[PDB]
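Shown below, as C-alpha cells, is a lone chain in the form deposited in one PDB entry; questions about how it binds or moves come after it.
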C-alpha cells in the first residue's frame, strides 16, 4: 500500500560486520557515509579489502542503488561528497565530475549509480568514490574518454553500448577518472572476441575467464598498469585457482563465512598474474537489500 523501506540496521549490520572483522576505527567521513547508507532505498552494498603485502586496507565500502531514480540518486550521492568535503581539513576537487556532468546531461542514459569510500589512517590518502554507468551516450562517452587519456590500444577495449565510469576524489584535493570496459560470459567465450583479447592481453590475464561470468579492465592514468577484474561465479572457487598471501586469505576466509552473494570480484595486475604469489590484490564481496514494494 505504502512504499516499503529496508530498515537501516540491516544495511549497517553488513557494514558493521566488516568493520569488526578488520578492526576499522571511525575514520572521517565513515560516520557520514553510514548515515547516507541509512537514507537509501533498495541497494547492494559491496565491502572490500585492498591487500598490499602484509598491509590490509579494509575501509572500502560501495553502495549501488537498485532503483532507476538516477538523477535523484546522483544528487544525493554528490550531496554526500560535498558535505564530507565541508570540513576545513579536507579538500575535495570535483572539477572532473563537473566536467563530465556539464551542459544538459541526459539522466535517462544512466544505467547504474554507485557511491563509496576508501578510507586511510592518513586523511590525505583517503578517497571518496562515485561511479556512473551510461549507455548509448556518444557525447559523454567521448568526454570520459578524453578525461581518462584513452589512447589507441586502449580505445579498442571500450564498448559503444555501455560504459562504467569511476571517479576517485582524494581528501587532499587529488582526483582521477577510471573507465571499466567489461565483457559478459557470452561475449568473451566467443572465438571472434577472444582472438581480439589475445592481441591486447596476455594468456595470463585470460586464464581466470572460465571461472567468471563477467570480466572487466580498469583503465586510468592513475594506474601503473591496467587492472584486471574477474567476477567469479563461485566464491568457493577462489582459493583453488589464485595463490594469495596470508593477508588476503584472512579477508577471504572471513567472507566465506558471511551471508551475501555467491559471487565475488577479484582485482589484480597482469604482472601479478605472471608470478608465484599474489601480494597485491583487491577482494570485493556484496549483499543485496531488496524490499517488497520499493
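Here the rigid core means the biggest group of C-alpha atoms that line up within 1.5 Å when the two forms are laid on top of each other. Residue numbers count along the first chain shown, from 1.
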Checklist entry - Averaging C-alpha B-factors over each stretch, which comes out higher, 169 to 177 or 142 to 150? => result 142 to 150
Item to check | Greater mean Cα temperature factor according to the PDB record, 264 to 272 or 247 to 255 | outcome: 264 to 272
Checklist entry - Which of these, 86, 126, 160, 73, has its C-alpha atom at the highest B-factor, as the entry lists it? => result 160
Checklist entry - Per the coordinate record, which of the options 215, 131, 100, 194 holds the highest CA temperature factor? => result 194
Checklist entry - What third of its chain's C-alpha B-factors does residue 20 belong to: lowest, middle or highest? => result middle
Item to check | residue 93, C-alpha B-factor rank within chain (lowest, middle or highest third) | outcome: middle
Checklist entry - If you rank every modelled residue in this chain by C-alpha B factor, which third holds residue 60: lowest, middle or highest? => result lowest
Checklist outcome for this item: Here the Cα B-factor of residue 41, set against its chain, lands in the third termed middle
Item to check | residue 112 - Cα temperature factor, lowest/middle/highest third of chain | outcome: middle
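Below: the form deposited in another entry, not depicted.
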Item to check | Single mover in 154, 112, 126, 175, with Cα shift of 2 Å or more between this form and the one not shown when the core is superposed | outcome: 154
